[PDB]
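Reproduced below: model-v4.cif, with mmCIF, C-alpha atoms.
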```
data_coords
loop_
_atom_site.label_atom_id
_atom_site.label_comp_id
_atom_site.auth_asym_id
_atom_site.auth_seq_id
_atom_site.Cartn_x
_atom_site.Cartn_y
_atom_site.Cartn_z
CA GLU A 5 90.38 91.56 107.68
CA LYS A 6 92.86 94.11 109.10
CA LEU A 7 95.06 94.23 105.98
CA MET A 8 92.06 94.42 103.61
CA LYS A 9 90.46 97.25 105.63
CA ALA A 10 93.84 99.04 105.49
CA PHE A 11 93.89 98.76 101.68
CA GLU A 12 90.38 100.25 101.67
CA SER A 13 91.70 103.25 103.62
CA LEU A 14 94.33 103.74 100.90
CA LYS A 15 91.60 103.51 98.23
CA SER A 16 89.69 106.21 100.13
CA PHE A 17 92.91 108.24 100.56
CA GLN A 18 94.14 108.29 96.96
CA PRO B 2 92.69 116.64 107.97
CA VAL B 3 91.19 115.40 111.25
CA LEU B 4 94.53 113.97 112.41
CA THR B 5 97.31 116.32 113.53
CA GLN B 6 100.79 115.76 112.10
CA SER B 7 103.93 117.89 111.96
CA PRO B 8 104.51 119.24 108.41
CA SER B 9 108.14 118.12 107.95
CA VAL B 10 111.13 116.39 109.57
CA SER B 11 114.83 116.18 108.62
CA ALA B 12 117.71 113.90 109.66
CA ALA B 13 121.15 112.62 108.63
CA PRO B 14 121.62 109.16 107.03
CA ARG B 15 121.34 106.13 109.38
CA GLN B 16 119.60 108.27 112.03
CA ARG B 17 116.19 107.46 113.51
CA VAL B 18 113.22 109.67 112.59
CA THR B 19 109.95 109.49 114.52
CA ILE B 20 106.79 110.77 112.84
CA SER B 21 104.07 111.40 115.42
CA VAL B 22 100.32 111.83 115.01
CA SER B 23 97.62 112.76 117.54
CA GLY B 24 93.87 112.31 117.08
CA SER B 25 90.99 111.87 119.53
CA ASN B 26 88.87 109.18 121.27
CA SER B 27 86.58 108.52 118.30
CA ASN B 28 89.47 107.95 115.85
CA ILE B 29 92.98 106.97 117.08
CA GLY B 30 91.60 106.40 120.60
CA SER B 31 89.50 103.36 119.64
CA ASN B 32 90.64 102.38 116.13
CA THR B 33 93.97 101.09 114.79
CA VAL B 34 96.35 103.31 112.81
CA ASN B 35 97.67 102.87 109.27
CA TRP B 36 100.68 104.53 107.64
CA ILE B 37 100.78 105.59 104.00
CA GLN B 38 104.00 106.35 102.09
CA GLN B 39 104.05 108.48 98.93
CA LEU B 40 107.40 108.81 97.16
CA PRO B 41 108.14 111.87 94.98
CA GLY B 42 106.29 111.40 91.68
CA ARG B 43 104.91 108.00 92.65
CA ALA B 44 101.45 106.79 93.69
CA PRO B 45 100.88 106.32 97.43
CA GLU B 46 101.17 102.80 98.86
CA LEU B 47 100.33 101.10 102.14
CA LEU B 48 103.37 101.30 104.42
CA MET B 49 102.09 100.08 107.79
CA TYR B 50 98.77 98.73 109.09
CA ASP B 51 97.21 97.72 112.42
CA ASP B 52 99.52 100.15 114.30
CA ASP B 53 102.70 98.04 114.02
CA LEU B 54 102.43 95.55 111.12
CA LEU B 55 104.30 95.98 107.83
CA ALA B 56 102.49 95.89 104.48
CA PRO B 57 103.54 93.06 102.10
CA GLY B 58 106.89 94.04 100.54
CA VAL B 59 107.77 96.92 102.88
CA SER B 60 111.25 97.36 104.38
CA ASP B 61 111.86 95.98 107.89
CA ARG B 62 113.40 99.36 108.82
CA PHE B 63 109.91 100.72 109.52
CA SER B 64 108.27 100.18 112.91
CA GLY B 65 105.02 101.50 114.40
CA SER B 66 103.17 102.07 117.69
CA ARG B 67 99.96 103.55 119.14
CA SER B 68 99.06 104.66 122.68
CA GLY B 69 96.02 106.63 123.86
CA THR B 70 94.96 109.14 121.23
CA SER B 71 98.45 109.18 119.69
CA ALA B 72 100.50 107.06 117.27
CA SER B 73 104.01 107.16 115.78
CA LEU B 74 105.95 105.93 112.76
CA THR B 75 109.63 105.06 113.20
CA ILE B 76 112.13 104.72 110.38
CA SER B 77 115.49 103.23 111.34
CA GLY B 78 118.75 103.48 109.39
CA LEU B 79 117.33 106.42 107.43
CA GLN B 80 118.20 106.03 103.75
CA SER B 81 117.83 108.37 100.77
CA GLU B 82 114.92 106.28 99.43
CA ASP B 83 112.80 107.06 102.53
CA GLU B 84 112.65 110.70 101.41
CA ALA B 85 108.86 110.95 101.09
CA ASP B 86 105.57 112.16 102.62
CA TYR B 87 104.02 109.99 105.32
CA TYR B 88 100.31 109.94 106.19
CA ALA B 89 98.54 108.62 109.27
CA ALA B 90 95.17 106.97 108.63
CA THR B 91 92.48 105.49 110.89
CA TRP B 92 88.70 105.03 111.15
CA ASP B 93 86.59 107.63 112.94
CA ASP B 94 83.55 106.37 114.86
CA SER B 95 81.99 109.85 115.10
CA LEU B 96 82.33 110.75 111.40
CA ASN B 97 81.65 107.13 110.31
CA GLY B 98 84.48 107.10 107.77
CA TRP B 99 88.22 107.32 107.17
CA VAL B 100 90.26 110.23 108.53
CA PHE B 101 93.79 111.24 107.55
CA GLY B 102 96.75 113.25 108.79
CA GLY B 103 98.03 116.29 106.90
CA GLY B 104 101.31 114.52 106.16
CA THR B 105 104.92 114.62 107.32
CA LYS B 106 107.67 115.13 104.75
CA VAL B 107 111.00 113.38 105.34
CA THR B 108 114.22 114.93 104.04
CA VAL B 109 117.60 113.15 104.27
CA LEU B 110 121.11 114.65 104.09
#
```

What is this structure when it is put down as structure tokens?
Amino acid sequence: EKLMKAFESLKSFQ
Amino acid sequence: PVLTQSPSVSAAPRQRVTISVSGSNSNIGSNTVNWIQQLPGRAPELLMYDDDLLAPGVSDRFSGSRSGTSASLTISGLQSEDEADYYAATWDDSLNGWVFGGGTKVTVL
């Protein structure tokens, strides 16, 4: 789930 | 921004630029780092994830690393299209949420 969690950090960022 | 990054960095074409970030035990010290690239005028996209792994579609010229409370992004063969702002991201166990670097701007010549 590393990649997914990383996309969620982008969602939170932008 | 909970993560500390240098504001800007410049280099000539084909040179290697290293973007560093330093956090603490609760963030970079125990969680993995992500890198976010935002090109001029464009939306930000995932560049790197899990310290050293490239996001789907990203150039192989990017490499990453994390040790202790610090992490670094490395662009090799610096090209004009890398001219952007780069953001370090990771989870913080103390704040129970995402934390981000201020951003490092890259300028080519």

Return the neighbours of chain A among the residues of chain B, cut-off 12 Å, counting all atoms listed in the file, as a PyMOL selection string.
chain B and resi 2+32-39+43-57+88-93+98-104

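For the pair CA of residue 28 (chain B) and CA of residue 72 (chain B), the interatomic distance is 11.2 Å.
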
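Evaluated against the shown file, the PyMOL selection byres ((chain B and resi 12-18) around 12) gives residues 9, 10, 11, 19, 20, 21, 62, 63, 64, 65, 73, 74, 75, 76, 77, 78, 79, 80, 81, 82, 83, 84, 87, 105, 106, 107, 108, 109 and 110 of chain B.
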
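Between CA of residue 61 (chain B) and CA of residue 3 (chain B) the interatomic distance comes to 28.6 Å.
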
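A straight line drawn from CA of residue 59 (chain B) to CA of residue 25 (chain B) is 28.0 Å long.
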
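You can rank B:42, B:86, B:95, B:30 by their closest distance to residue 6 (chain B) using all atoms listed in the file, and at the top of that list sits B:86.
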